[PDB]
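I have placed the structure first, in the form of structure tokens, so that the comments after it can refer back to it.
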Amino acid sequence: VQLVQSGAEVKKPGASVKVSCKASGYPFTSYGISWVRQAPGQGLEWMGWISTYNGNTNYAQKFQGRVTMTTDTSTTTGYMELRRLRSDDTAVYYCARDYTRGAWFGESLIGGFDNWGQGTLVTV
Amino acid sequence: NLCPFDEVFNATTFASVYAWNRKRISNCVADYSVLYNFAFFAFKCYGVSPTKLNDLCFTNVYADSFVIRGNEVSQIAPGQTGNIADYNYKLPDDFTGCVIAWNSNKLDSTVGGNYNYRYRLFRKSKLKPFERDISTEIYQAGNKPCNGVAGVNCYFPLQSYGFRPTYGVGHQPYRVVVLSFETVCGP
Amino acid sequence: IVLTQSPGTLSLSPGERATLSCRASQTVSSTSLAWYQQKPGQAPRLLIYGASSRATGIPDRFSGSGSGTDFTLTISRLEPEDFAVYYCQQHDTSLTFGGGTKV
Amino acid sequence: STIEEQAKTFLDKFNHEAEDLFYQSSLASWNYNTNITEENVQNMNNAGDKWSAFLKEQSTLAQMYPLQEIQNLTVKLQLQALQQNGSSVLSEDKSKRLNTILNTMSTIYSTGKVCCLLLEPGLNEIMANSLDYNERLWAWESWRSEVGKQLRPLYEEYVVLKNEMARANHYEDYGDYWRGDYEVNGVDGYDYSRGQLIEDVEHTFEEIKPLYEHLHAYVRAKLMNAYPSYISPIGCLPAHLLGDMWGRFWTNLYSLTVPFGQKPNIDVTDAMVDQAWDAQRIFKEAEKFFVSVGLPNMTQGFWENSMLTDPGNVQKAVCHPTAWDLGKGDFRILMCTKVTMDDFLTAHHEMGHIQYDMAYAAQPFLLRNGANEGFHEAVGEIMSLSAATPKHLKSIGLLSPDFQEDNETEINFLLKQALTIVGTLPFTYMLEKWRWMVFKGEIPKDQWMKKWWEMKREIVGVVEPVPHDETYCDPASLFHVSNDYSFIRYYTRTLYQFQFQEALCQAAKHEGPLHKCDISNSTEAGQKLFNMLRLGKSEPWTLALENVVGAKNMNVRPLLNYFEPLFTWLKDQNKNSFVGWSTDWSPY
Ligand SMILES: *[C@@H]1O[C@H](CO[C@@H]2O[C@@H](C)[C@@H](O)[C@@H](O)[C@@H]2O)[C@@H](O)[C@H](O)[C@H]1NC(C)=O
Ligand SMILES: *[C@@H]1O[C@H](CO)[C@@H](O)[C@H](O)[C@H]1NC(C)=O
Ligand SMILES: *[C@@H]1O[C@H](CO)[C@@H](O)[C@H](O)[C@H]1NC(C)=O
Ligand SMILES: *[C@@H]1O[C@H](CO)[C@@H](O)[C@H](O)[C@H]1NC(C)=O
Ligand SMILES: *[C@@H]1O[C@H](CO)[C@@H](O)[C@H](O)[C@H]1NC(C)=O
Ligand SMILES: *[C@@H]1O[C@H](CO)[C@@H](O)[C@H](O)[C@H]1NC(C)=O
Ligand SMILES: [Zn+2]
């Protein structure tokens with residue numbers, strides 16, 4: 001089980017960034033994908049969760065509008081696209097495989113974020 | 001798409017017995033392999049040994065989840081009667097499937113008393129297989145209508161459990177998942 | 001819910017016990033809380049889930065417990081490799097992380 | 001639609017909401033007993049009030065389900081226990097007056113002093129450990145005149161108010177009320193009028209008395225060597241010289257009366273210490289005892305939630321061996337144990353109580369108890385008899401395999417037992433006889449102190465050291481009298497105790513003297529007893545007894561058989577002495 005994320009990118013304010021995540025070693029459609037973010041000197045900040053089966057997405061309260069999430073099963077790759085980047089949007093976006101919410105029924109589970117990617121640094 | 005049997009067993013909360021939660025599993029391969037290698041104290045079955053189910057294609061699999069007391073687990077078996085079997089969760093004599101139960105004393109109990117779980121204690125008649133009522137209408141035992149007021153000879157039906165961590169085993173909460181087999185070709 | 005951890009910097013000598021706390025502004029389910037460990041220069045890993053259940057691949061020197069609004073994490077014997085940043089999480093309502101502590 | 005159906009519906013909601021309220025008040029009490037704080041006191045009291053208020057409310061709903069229209073015994077047994085009005089049958093003023101009197105009496109007894117030494121550890125220390133006629137008499141007389149006399153006025157009003165409510169509740173008198181706890185009406189062949197208890201108790205006493213007379217003569221003959229100028233060879237023993245405050249137990253006399261005092265008794269205290277036994281070990285051994293006879297063993301929560309050791313001086317727990325049942329499968333013991341033989345045997349006693357509580361745990365809340373007042377204690381008590389038997393100790397490692405049980409040590413054992421078991425029966429019988437007559441009204445107010453001392457020398461064979469007036473109230477100096485407790489339950493306990501042991505020994509195929517019987521490695525005797533424990537209160541005690549003993553009443557044969565090896569010995573000791581006593585003799 002591994003999660004491989006894309007390399008760092010540099011964007012200007014107002015631009016959008018799309019960060020990819022490649023998942024392998026497990027049944028893609030049995031687990032959801034979550035996107036926590038950590039800015040330099042800060043702790044982690046949840047951005048949202050996306051189902052790999054029903055496509056349903058659950059967003060954090062202050063990212064609704066900018067964040068947009070999607071997955072592609074055929075190539076077992078997830079995507080996250082934040083929009084209207086602000087100066088505060090500089091940080092390392094982590095891809096994680098979760099066991100906190102069911103992928104099919106959407107019911108909360110007893111678990112956490114099982115596997116984290118290396119982290120993608122986005123500069124703005 | 002393998003089957004969502006992980007998210008049924010590892011759910012944070014289970015429904016109360018008077019209002020049990022019916023999940024439908026379909027259009028997915030099912031690795032009943034875990035079903036026989038967990039340390040789920042009661043993997044009882046009624047007519048289908050867990051060994052052949054992985055060679056059978058079932059049209060629908062229903063997983064009924066709820067919380068009851070340890071000494072009420074025996075009422076979930078077919079052919080049994082009692083306050084749970086007759087007024088809450090009625091299972092038919094002609095039952096095909098397996099009943100899985102495990103102790104959840106550290107999950108569903110608190111010191112002040114967990115009263116979020118409630119069962120039905122009074123009803124006019126016994127239930128038929130696989131039906132449920134969630135009516136809270138006042139039950140009258142006597143000869144005079146009380147019009148919703150729980151006075152003498154009128155009672156509120158749905159009584160509540162009060163699970164606490166120090167109870168004896170028979171009074172501890174158990175999580176029960178009944179798998180009823182009626183699209184789901186097990187590997 | 002808001003999670004607060006303390007002490008912010010529990011830096012103590014190796015070989016001794018290290019205990020961290022995580023307090024909730026509201027009561028949370030004991031099965032909806034987890035702990036993470038982040039080593040310098042890399043991604044965090046799941047350490048404990050369900051308040052007390054140890055994550056797979058994690059050494060048995062780690063133990064968790066708690067209920068209500070007061071949860072803790074203890075290391076029976078602090079190792080040289082345990083000097084990392086720990087975080088508490090809850091996903092009973094939405095999903096939030098605590099401030100984090102450095103050991 | 002009918003009373004039968006409505007009655008069971010009512011009970012089938014009580015038996016589900018009552019257990020929770022009961023548990024909460026039981027747990028709050030537990031916490032107090034293990035941890036004494038101001039916080040735990042108010043918690044205990046608040047939970048107590050909720051439970052008490054609950055029962056008072058349900059009691060007024062049960063009134064509409066008359067027993068005349070109810071046929072099923074398991075319903076009538078539950079309603080009749082929940083329909084009784086208690087003291088709430090009197091006018092509000094009378095009810096409050098009753099309760100303030102009853103409360104006052106308790107405080108005078110529990111917080112009384114003499115000079116100043118209270119009762120414990122003071123007037124009961126002088127009474128237990130003082131070989132001095134004059135010092136003993138002072139302690140005795142002081143208590144009786146300082147607090148006993150003080151309660152006389154309250155006892156008189158107490159009797160009137162208690163008797164008035166008894167009649168209001170359709171009883172002849174308050175004594176008639178109490179005897180109702182033995183009443184078994186409802187099924188043919190197992191009936192038992194409450195008024196019958198008086199006759200059956202009297203008849204059993206007369207059959208036992210011959211044993212008492214020989215034991216009495218023996219003890220008296222020995223005491224005459226300690227008090228050579230006070231005890232007369234043909235008379236009664238002085239009350240203050242029986243080794244107790246009220247002459248209830250004679251057990252403290254076993255230092256003057258020892259048959260063969262040049263030999264030690266069986267004592268494995270040292271063995272327990274040498275083998276490094278601890279509190280956990282003592283209870284583990286008791287646990288396997290019950291498993292060998294054929295009962296299930298203590299649950300996990302008995303080991304995790306119990307307090308088997310002194311918590312400490314920071315947590316001021318109340319050290320007093322009690323077996324607890326908090327409800328819903330929660331069984332605990334509260335007992336600070338030491339590595340000694342006294343606690344070794346006690347552990348089996350308390351464990352016996354739990355085994356009974358677990359046997360009838362399946363019963364309805366209102367029937368979740370012993371068949372009668374004596375059954376609960378009787379089944380617990382018999383466990384210490386077998387534990388103390390040198391066949392169990394011999395195979396537990398605490399007894400040496402070259403320890404022989406001699407003719408002499410059998411007698412030492414039997415006397416020490418008799419001195420505690422059959423030296424108490426005359427007292428229990430006497431006291432209850434007096435109280436019943438007082439409540440019924442067979443004795444004039446100004447003559448009840450007369451009959452008290454008059455019957456003591458006839459039933460017990462004990463007399464006063466000094467004359468008393470009618471202003472005194474001697475009976476009320478005792479805990480059970482001043483706090484409104486029934487006492488006959490101790491009489492109808494000893495008798496059952498032996499009936500069960502004899503019945504079980506023959507099932508275990510024991511051969512030889514009953515005092516050497518051990519009930520271990522026997523499922524024939526284990527299942528035999530169990531079959532009446534599971535019953536709770538669902539059946540008449542006259543049937544529960546039949547299931548083990550075969551009798552439909554209490555007997556004395558088993559008791560007389562147990563002490564037969566001692567009785568014949570005593571007969572050969574009293575050869576040159578007078579057996580019986582003259583009631584025309586007094587110390588003054
Ligand atoms: C319920 O969940 C158990 C724990 O799963 C393990 O820990 C979680 C946090 C994830 O890391 C997960 O991938 C790990 O396997 C399972 O052991 C158990 O099988 C699950 N129950 C069922 C019926 O599958
Ligand atoms: C005893 O009760 C006090 C409350 O006054 C509490 O602080 C203390 O921790 C309790 N001790 C135990 C052993 O429960
Ligand atoms: C009395 O009621 C109980 C249920 O509480 C039932 O088992 C028993 O058979 C009934 N007995 C009679 C005579 O109706
Ligand atoms: C209890 O009091 C009520 C009301 O006065 C009365 O109807 C009932 O018969 C009494 N029951 C008993 C046992 O005294
Ligand atoms: C009694 O408990 C012990 C644990 O101390 C266990 O080994 C034994 O098997 C139990 N006996 C029975 C009959 O279950
Ligand atoms: C009871 O059974 C145990 C286990 O076999 C045995 O060691 C013990 O000696 C037996 N007790 C008696 C009196 O035979
Ligand atoms: Zn006792």
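For the structure tokens, the naming scheme is as follows: chains receive sequential letters (A, B, ...) according to their order of presentation, residues are indexed from 1 within each chain, and ligands are indexed from 1 in presentation order.
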**Asked** Would you name the residues within 9 Å of ligand 6, counting only C-alpha atoms and all ligand atoms, and put them as a list in words?
**Response** residues 289, 292, 293, 391, 392, 394, 395, 396, 518, 519, 520, 521 and 522 of chain D
**Message:** I need the chain D residues near chain B as a PyMOL selection string; criterion: at most 10 Å, counting only C-alpha atoms.
**Reply:** chain D and resi 1-3+5-10+12-13+16-17+20+24+61-62+64+299-302+304-305+326-331
**Request:** Between CA of residue 236 (chain D) and CA of residue 569 (chain D), measure the distance and give it in Å to one decimal.
**Result:**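 A separation of 22.5 Å between them.
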**Asked** ligand 5: which residues are within 10 Å, counting only C-alpha atoms and all ligand atoms, as a PyMOL selection string?
**Response** chain D and resi 284-285+287-288+290-292+294-300
Write out as a Markdown table a residue-level contact list of chain D versus ligand 4 with cut-off 6 Å: for each qualifying residue the closest pair of atoms and the distance in Å to one decimal, counting only C-alpha atoms and all ligand atoms, rows sorted by chain and residue number upward.
| residue | atom | partner | partner_atom_place_in_ligand_line | distance |
| --- | --- | --- | --- | --- |
| D:84 | CA | ligand 4 | 13 (C) | 4.6 |
| D:85 | CA | ligand 4 | 1 (C) | 4.9 |
| D:169 | CA | ligand 4 | 14 (O) | 3.8 |
For the residues in the current selection, export N, CA, C and O atoms as a short mmCIF file (atom, residue, chain, number, x, y, z; two decimals), in the first residue's frame.
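Result file follows (result28.cif):
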data_model
loop_
_atom_site.label_atom_id
_atom_site.label_comp_id
_atom_site.auth_asym_id
_atom_site.auth_seq_id
_atom_site.Cartn_x
_atom_site.Cartn_y
_atom_site.Cartn_z
N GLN D 84 -48.65 -3.46 50.55
CA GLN D 84 -48.64 -3.14 51.98
C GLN D 84 -48.39 -1.64 52.18
O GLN D 84 -47.49 -1.09 51.55
N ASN D 85 -49.19 -1.01 53.06
CA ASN D 85 -49.15 0.45 53.28
C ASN D 85 -48.02 0.86 54.24
O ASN D 85 -47.76 2.06 54.38
N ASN D 169 -53.69 -2.13 59.32
CA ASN D 169 -53.30 -2.94 58.17
C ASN D 169 -53.90 -4.34 58.24
O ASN D 169 -53.49 -5.23 57.49
#
Considering only C-alpha atoms and all ligand atoms, give me a table of residues in chain B that are at most 12 Å from ligand 1, with the closest atom pair and distance in Å for each, as CSV.
residue,atom,partner,partner_atom_place_in_ligand_line,distance
B:2,CA,ligand 1,24 (O),11.9
B:3,CA,ligand 1,24 (O),10.5
B:4,CA,ligand 1,24 (O),9.1
B:5,CA,ligand 1,23 (C),6.0
B:6,CA,ligand 1,24 (O),4.1
B:7,CA,ligand 1,22 (C),7.5
B:8,CA,ligand 1,23 (C),7.3
B:9,CA,ligand 1,23 (C),4.9
B:10,CA,ligand 1,1 (C),4.8
B:11,CA,ligand 1,1 (C),8.6
B:12,CA,ligand 1,1 (C),10.6
B:30,CA,ligand 1,24 (O),11.5
B:31,CA,ligand 1,24 (O),9.8
B:32,CA,ligand 1,23 (C),9.3
B:33,CA,ligand 1,24 (O),9.8
B:34,CA,ligand 1,23 (C),6.5
B:35,CA,ligand 1,23 (C),7.0
B:36,CA,ligand 1,23 (C),10.2
B:37,CA,ligand 1,19 (O),9.0
B:38,CA,ligand 1,19 (O),7.4
B:39,CA,ligand 1,19 (O),10.1
B:40,CA,ligand 1,23 (C),9.1
B:100,CA,ligand 1,23 (C),10.4
B:101,CA,ligand 1,23 (C),11.5
B:102,CA,ligand 1,23 (C),11.4
B:177,CA,ligand 1,23 (C),10.4
Per residue of chain A within 10 Å of chain B, what are the shortest atom pair and its distance in Å to one decimal, counting only C-alpha atoms, with rows by chain and residue number, as JSON lines?
{"residue": "A:27", "atom": "CA", "partner": "B:2", "partner_atom": "CA", "distance": 7.8}
{"residue": "A:28", "atom": "CA", "partner": "B:1", "partner_atom": "CA", "distance": 8.5}
{"residue": "A:29", "atom": "CA", "partner": "B:1", "partner_atom": "CA", "distance": 6.2}
{"residue": "A:30", "atom": "CA", "partner": "B:2", "partner_atom": "CA", "distance": 6.9}
{"residue": "A:31", "atom": "CA", "partner": "B:4", "partner_atom": "CA", "distance": 9.8}
{"residue": "A:53", "atom": "CA", "partner": "B:1", "partner_atom": "CA", "distance": 8.5}
{"residue": "A:99", "atom": "CA", "partner": "B:7", "partner_atom": "CA", "distance": 8.9}
{"residue": "A:100", "atom": "CA", "partner": "B:12", "partner_atom": "CA", "distance": 9.3}
{"residue": "A:101", "atom": "CA", "partner": "B:7", "partner_atom": "CA", "distance": 8.0}
{"residue": "A:102", "atom": "CA", "partner": "B:7", "partner_atom": "CA", "distance": 5.4}
{"residue": "A:103", "atom": "CA", "partner": "B:4", "partner_atom": "CA", "distance": 7.9}
{"residue": "A:104", "atom": "CA", "partner": "B:4", "partner_atom": "CA", "distance": 6.5}
{"residue": "A:105", "atom": "CA", "partner": "B:7", "partner_atom": "CA", "distance": 7.8}
{"residue": "A:106", "atom": "CA", "partner": "B:7", "partner_atom": "CA", "distance": 8.9}
{"residue": "A:107", "atom": "CA", "partner": "B:11", "partner_atom": "CA", "distance": 6.8}
{"residue": "A:108", "atom": "CA", "partner": "B:12", "partner_atom": "CA", "distance": 5.8}
{"residue": "A:109", "atom": "CA", "partner": "B:11", "partner_atom": "CA", "distance": 4.5}
{"residue": "A:110", "atom": "CA", "partner": "B:12", "partner_atom": "CA", "distance": 5.5}
{"residue": "A:111", "atom": "CA", "partner": "B:10", "partner_atom": "CA", "distance": 8.4}
Write the residues of the selection above to a file with N, CA, C and O atoms, as a CSV table (one decimal), in the first residue's frame.
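Final output, saved to out29.csv:
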chain,number,residue,atom,x,y,z
A,27,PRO,N,-7.6,-2.5,-3.0
A,27,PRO,CA,-8.8,-2.3,-3.7
A,27,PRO,C,-9.2,-0.8,-3.6
A,27,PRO,O,-9.6,-0.3,-2.6
A,28,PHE,N,-9.1,-0.1,-4.8
A,28,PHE,CA,-9.3,1.3,-4.8
A,28,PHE,C,-10.7,1.7,-4.3
A,28,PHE,O,-10.8,2.7,-3.5
A,29,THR,N,-11.7,1.0,-4.7
A,29,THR,CA,-13.1,1.3,-4.4
A,29,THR,C,-13.6,0.9,-3.0
A,29,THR,O,-14.8,1.0,-2.7
A,30,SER,N,-12.7,0.4,-2.2
A,30,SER,CA,-13.0,0.0,-0.9
A,30,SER,C,-12.7,1.0,0.2
A,30,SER,O,-13.2,0.9,1.3
A,31,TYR,N,-11.9,2.0,-0.2
A,31,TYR,CA,-11.5,3.1,0.7
A,31,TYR,C,-11.7,4.4,0.1
A,31,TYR,O,-11.5,4.6,-1.1
A,53,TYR,N,-16.4,5.4,-4.7
A,53,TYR,CA,-17.5,4.6,-5.2
A,53,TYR,C,-18.7,5.4,-5.6
A,53,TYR,O,-19.2,5.3,-6.8
A,99,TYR,N,-10.0,5.5,6.8
A,99,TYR,CA,-10.9,4.5,7.4
A,99,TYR,C,-11.8,5.2,8.4
A,99,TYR,O,-12.0,4.7,9.5
A,100,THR,N,-12.2,6.5,8.1
A,100,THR,CA,-13.0,7.3,9.0
A,100,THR,C,-14.5,7.3,8.5
A,100,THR,O,-15.4,7.6,9.3
A,101,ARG,N,-14.7,7.1,7.2
A,101,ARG,CA,-16.0,7.1,6.7
A,101,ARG,C,-16.2,6.0,5.6
A,101,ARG,O,-15.3,5.8,4.8
A,102,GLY,N,-17.3,5.3,5.6
A,102,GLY,CA,-17.5,4.2,4.7
A,102,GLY,C,-17.6,4.7,3.3
A,102,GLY,O,-18.1,5.8,3.0
A,103,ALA,N,-17.1,4.0,2.3
A,103,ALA,CA,-17.0,4.4,0.9
A,103,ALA,C,-18.4,4.2,0.2
A,103,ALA,O,-18.7,4.9,-0.7
A,104,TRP,N,-19.1,3.2,0.7
A,104,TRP,CA,-20.4,2.9,0.0
A,104,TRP,C,-21.6,3.5,0.7
A,104,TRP,O,-22.5,4.0,0.1
A,105,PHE,N,-21.7,3.4,2.1
A,105,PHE,CA,-22.9,3.8,2.8
A,105,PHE,C,-22.7,5.3,3.3
A,105,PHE,O,-23.7,5.9,3.6
A,106,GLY,N,-21.5,5.7,3.5
A,106,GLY,CA,-21.3,7.1,4.0
A,106,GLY,C,-21.3,7.2,5.5
A,106,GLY,O,-21.4,8.3,6.0
A,107,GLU,N,-21.4,6.0,6.2
A,107,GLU,CA,-21.5,6.0,7.6
A,107,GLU,C,-20.1,6.1,8.3
A,107,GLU,O,-19.1,5.6,7.7
A,108,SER,N,-20.1,6.8,9.4
A,108,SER,CA,-18.8,7.0,10.1
A,108,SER,C,-18.2,5.7,10.6
A,108,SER,O,-19.0,4.8,11.1
A,109,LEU,N,-16.9,5.5,10.5
A,109,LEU,CA,-16.2,4.3,11.0
A,109,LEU,C,-15.2,4.6,12.1
A,109,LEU,O,-14.9,5.7,12.4
A,110,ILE,N,-14.8,3.5,12.8
A,110,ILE,CA,-13.8,3.6,13.8
A,110,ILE,C,-12.5,3.3,13.2
A,110,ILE,O,-12.1,2.2,12.9
A,111,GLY,N,-11.7,4.4,13.1
A,111,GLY,CA,-10.4,4.4,12.4
A,111,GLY,C,-9.7,5.7,12.4
A,111,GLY,O,-9.8,6.5,13.3
Could you tell me, counting only C-alpha atoms and all ligand atoms, which protein and nucleic acid residues lie no more than 9 Å from ligand 2, written as a short mmCIF file (atom, residue, chain, number, x, y, z; two decimals) with C-alpha atoms, in the first residue's frame?
data_model
loop_
_atom_site.label_atom_id
_atom_site.label_comp_id
_atom_site.auth_asym_id
_atom_site.auth_seq_id
_atom_site.Cartn_x
_atom_site.Cartn_y
_atom_site.Cartn_z
CA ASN D 31 -19.17 4.07 46.87
CA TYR D 32 -19.79 5.54 50.32
CA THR D 34 -15.55 2.08 50.17
CA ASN D 35 -14.86 5.88 50.11
CA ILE D 36 -16.29 8.11 52.85
CA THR D 37 -16.59 11.76 51.85
CA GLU D 38 -19.15 14.54 52.25
CA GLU D 39 -19.74 14.30 48.50
CA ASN D 40 -20.55 10.60 48.68
CA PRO D 311 -7.80 0.59 50.90
CA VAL D 314 -6.28 8.25 52.81
CA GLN D 315 -9.49 6.43 51.64
CA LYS D 316 -11.32 5.83 54.98
#
**Request:** Check every protein, DNA and RNA residue against ligand 3, keep those with an atom at most 8 Å away (counting only C-alpha atoms and all ligand atoms), and present them as a PyMOL selection string.
**Result:** chain D and resi 8+71-75
Taking C-alpha atoms for each residue, export the selection above as a PDB file, in the first residue's frame.
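Output (part17.pdb):
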ATOM      1  CA  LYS D   8     -49.097  -8.654  35.194  1.00  0.00           C
ATOM      2  CA  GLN D  71     -55.254 -16.641  40.400  1.00  0.00           C
ATOM      3  CA  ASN D  72     -51.572 -16.926  39.376  1.00  0.00           C
ATOM      4  CA  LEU D  73     -49.310 -17.295  42.451  1.00  0.00           C
ATOM      5  CA  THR D  74     -46.355 -15.542  40.830  1.00  0.00           C
ATOM      6  CA  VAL D  75     -48.483 -12.408  40.522  1.00  0.00           C
TER       7      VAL D  75
END
Once you count only C-alpha atoms and all ligand atoms, which residues end up within 7 Å of ligand 7, and could you hand them over as a PDB file with N, CA, C and O atoms, in the first residue's frame?
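The result, written out as part_4.pdb:
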ATOM      1  N   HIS D 349     -17.941 -17.902  53.962  1.00  0.00           N
ATOM      2  CA  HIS D 349     -19.262 -17.454  54.384  1.00  0.00           C
ATOM      3  C   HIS D 349     -19.811 -16.402  53.422  1.00  0.00           C
ATOM      4  O   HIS D 349     -20.936 -16.515  52.931  1.00  0.00           O
ATOM      5  N   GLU D 350     -19.000 -15.385  53.141  1.00  0.00           N
ATOM      6  CA  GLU D 350     -19.420 -14.297  52.266  1.00  0.00           C
ATOM      7  C   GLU D 350     -19.570 -14.782  50.828  1.00  0.00           C
ATOM      8  O   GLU D 350     -20.456 -14.335  50.098  1.00  0.00           O
ATOM      9  N   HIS D 353     -22.914 -16.388  50.340  1.00  0.00           N
ATOM     10  CA  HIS D 353     -23.996 -15.436  50.119  1.00  0.00           C
ATOM     11  C   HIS D 353     -24.107 -15.087  48.645  1.00  0.00           C
ATOM     12  O   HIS D 353     -25.205 -15.067  48.087  1.00  0.00           O
ATOM     13  N   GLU D 377     -29.088 -16.876  55.491  1.00  0.00           N
ATOM     14  CA  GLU D 377     -27.951 -17.046  56.379  1.00  0.00           C
ATOM     15  C   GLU D 377     -27.584 -18.513  56.560  1.00  0.00           C
ATOM     16  O   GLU D 377     -26.406 -18.848  56.682  1.00  0.00           O
ATOM     17  N   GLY D 380     -25.380 -19.892  53.751  1.00  0.00           N
ATOM     18  CA  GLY D 380     -24.050 -19.306  53.828  1.00  0.00           C
ATOM     19  C   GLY D 380     -23.247 -19.935  54.966  1.00  0.00           C
ATOM     20  O   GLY D 380     -22.079 -20.279  54.803  1.00  0.00           O
ATOM     21  N   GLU D 381     -23.886 -20.083  56.123  1.00  0.00           N
ATOM     22  CA  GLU D 381     -23.213 -20.523  57.342  1.00  0.00           C
ATOM     23  C   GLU D 381     -22.632 -21.931  57.241  1.00  0.00           C
ATOM     24  O   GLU D 381     -21.536 -22.190  57.736  1.00  0.00           O
TER      25      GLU D 381
END
**Message:** Report, in Å to a single decimal, how far apart CA of residue 19 (chain B) and CA of residue 66 (chain B) are.
**Reply:** 8.1 Å
**Asked** as a PyMOL selection string, which residues of chain B does DSSP assign to strand (DSSP E)?
**Response** chain B and resi 21-25+42-45+57-58+61-69+97-103+118-120+139-140+154-155+158-160+173-181+184-185
Please produce, as a Markdown table, a per-residue contact table for chain C versus chain B (criterion: any atom at most 8 Å away, only C-alpha atoms considered), showing the nearest atom pair and its distance in Å to one decimal, sorted by chain then residue number.
| residue | atom | partner | partner_atom | distance |
| --- | --- | --- | --- | --- |
| C:30 | CA | B:107 | CA | 7.0 |
| C:31 | CA | B:12 | CA | 6.5 |
| C:32 | CA | B:12 | CA | 7.3 |
**Message:** Taking 2 positions as the minimum chain separation for residues in the same chain, which residues sit within 7 Å of region 75-92 of chain B when counting only C-alpha atoms? Answer as a ChimeraX atom specification.
**Reply:** /B:17-18,72-73,94-95,119-121,123,126-130,132
**Message:** Which residues are near residue 66 (chain A)? Cut-off 9 Å, only C-alpha atoms, ignore same chain within fewer than 5 positions. Put them as a VMD selection string.
**Reply:** chain A and resid 81 to 85
Please save C-alpha atoms of the selected residues as a compact mmCIF listing (two decimals), in the first residue's frame.
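Okay, this is what ended up in out_23.txt:
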# COMPACT_ATOMS: atom_id res chain seq x y z
CA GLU A 81 -8.17 21.19 -7.16
CA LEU A 82 -8.13 24.22 -4.79
CA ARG A 83 -9.13 27.49 -6.53
CA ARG A 84 -8.49 31.27 -6.20
CA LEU A 85 -5.19 30.69 -4.38
